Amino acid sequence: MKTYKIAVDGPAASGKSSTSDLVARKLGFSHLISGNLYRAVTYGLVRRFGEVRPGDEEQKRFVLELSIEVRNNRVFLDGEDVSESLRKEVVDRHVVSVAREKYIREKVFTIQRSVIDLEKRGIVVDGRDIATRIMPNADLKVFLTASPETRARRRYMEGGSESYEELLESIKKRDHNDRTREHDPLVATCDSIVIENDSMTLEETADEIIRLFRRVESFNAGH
């Protein structure tokens, strides 16, 4: 039985999770926010050790023994729901150093594919390496982006303590690290549909991804 798979990759604050949530809702699909898994590992390390040093033996051992569950995008660490902590500024400041570690990417890889394999209708998975690593044979691979300035302005309007320039710098730095790291970097491929949504609403972006999906669905079904 065929399960549909939509991959949504893109840089920081491009709208991937909110767009993917709406796409999934309109298609009757589930939605996995893969970055919550990296954020949860980051939070676990911060809380346990204070400093995040994922190459240290003690921290690596902690991560490997950690039981991570995700249910409706709530993430549990050894049974405890840590979802309300995943967007804390301290997690933001350290999640790149966690995500660069091969052994952590391997741990999270298995978790994501277990979620994907349980889906019986379709799933939208957002992240950085969904099209290149997690769902390399996704029916539709979307690379969702906008200018750094557009994305920083969006995040700025959400409120918070950072200035616009601080957000812009943080976004550019995180994007640069995600693009240049050794393992599973953020990259568009020739099989991606690149959507620049600077001049689009959230609903327009979701409706464009749905249009693209229906076009590949009809194409694939008959060819």
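Numbers for residues come from their place in the sequence shown, where the first is 1.
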Completion exercise
Avg C-alpha B-factor, entry values, 134-142 vs 67-75, higher side is 67-75
Handout entry: 212-220 set against 2-10, stretch whose average Cα temperature factor tops the other in the entry
Key = 212-220
Practice task
Could you tell me which one of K173, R39, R155, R181 shows the highest CA temperature factor in the PDB record?
Solution key: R155
Handout entry: Residue selected from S192, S163, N197, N177 by maximal Cα B factor
Key = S163
Handout entry: Cα B factor band for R53 (lowest, middle or highest third within the chain)
Key = middle
Handout entry: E84, C-alpha B-factor rank within chain (lowest, middle or highest third)
Key = highest
Exercise for the section: Would you please rank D126 by its C-alpha temperature factor against the other modelled residues of its chain and give the third it falls in: lowest, middle or highest? Expected result: lowest
Problem - CA B-factor placement of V108, once the chain's modelled residues are sorted into thirds - result: middle
Fill in the blank from the handout: Tertile call for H31 (CA temperature factor, within chain, third-based) is the lowest
